[PDB]
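In the block that follows, a single chain appears as structure tokens, in the form deposited in one PDB entry.
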């Protein structure tokens, strides 16, 4: 759980590449996350002392819904530089998704006190319902104490977003993430986090609105399209949820059918959710049509003759 021995995949083609770090950044510009991760995996085996590589690997695996591997990679990067705040931030998020309270709070704590401007706190005594009741209250006191010093740091609001998500207080996380996107309103990742908090808070209409803002910033954000299929499905709008999934699958693949098996792995969990939805819709004819992984029949069924997704690589 503070483990730094990363289980690299052995059949990694980026092991043969002249420069896999630049290759990983290009895979990021193409928003192609599995490939970026393998490219960063290679930079970490080839050069195990290059801190930015471990960080890039951690953030990428996080972005790709592998919190387990993200934590190992980010623990490793932290071991090379304990003063890296993006590392502490990413750990707090992945620890919160994995339901590891103590490590999440330690990470928020480390995220804060690692910054010169907030380090004064930590020399001051702040001690006085949970799996870590004293660490939580201490962490809550410190982040609010810092918001006094700088009420304009959107990442403090994001950190309080993580803190209150950890305690399933979705309304106070939403309130802080709202403030985070009022500052820093360029950041589609924050809008998506606001969306997911509101969804967990059983406010699905407000989640769609924040998801949609994240898609206006980044119209290729497959994760948000999936998240929106989930919220539309929570409001019983199965047709609108189906339309989001067709979009998300078409966009993830860059086309109508899998251009391989790397495509067929990246869409496994959207076809899985699509299958469930088609069950709820009592349309088992279409559950069968899923395994060919041709979105065309689905595009026709759900009324998407208009696939605006041409910005394809």
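Positions refer to the first chain, counted from 1.
FYI, the form solved in complex with a partner chain isn't displayed, but the following is about it.
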Fill in the blank from the handout: Residue within 4.5 Å of the partner chain in the entry with it bound by heavy atom, from 176, 227, 155, 100, is 227
Problem - Residue among 93, 241, 121, 215 with a heavy atom within 4.5 Å of the partner chain in the entry with it bound - result: 93
Completion exercise
Testing 48-56, 35-43, 282-290, 269-277 against the partner chain in the entry with it bound with a 4.5 Å heavy atom criterion leaves exactly one stretch, namely 269-277
Handout entry: Exercise: residue 109 in contact with the partner chain in the entry with it bound, heavy atom 4.5 Å
Key = no
Problem - Distance check, residue 88 to the partner chain in the entry with it bound, heavy atom within 4.5 Å - result: no
Exercise for the section: Mark residue 167 yes when one of its heavy atoms lies within 4.5 Å of a heavy atom of the partner chain in the entry with it bound, and no otherwise. Expected result: no
Practice task
Answer with yes or no whether residue 71 is in contact with the partner chain in the entry with it bound, where contact means some heavy atom within 4.5 Å.
Solution key: no
Exercise for the section: Spell it out for me: taking the partner chain in the entry with it bound, does every residue among 196, 211 and 234 have a heavy atom no farther than 4.5 Å from it? Expected result: yes
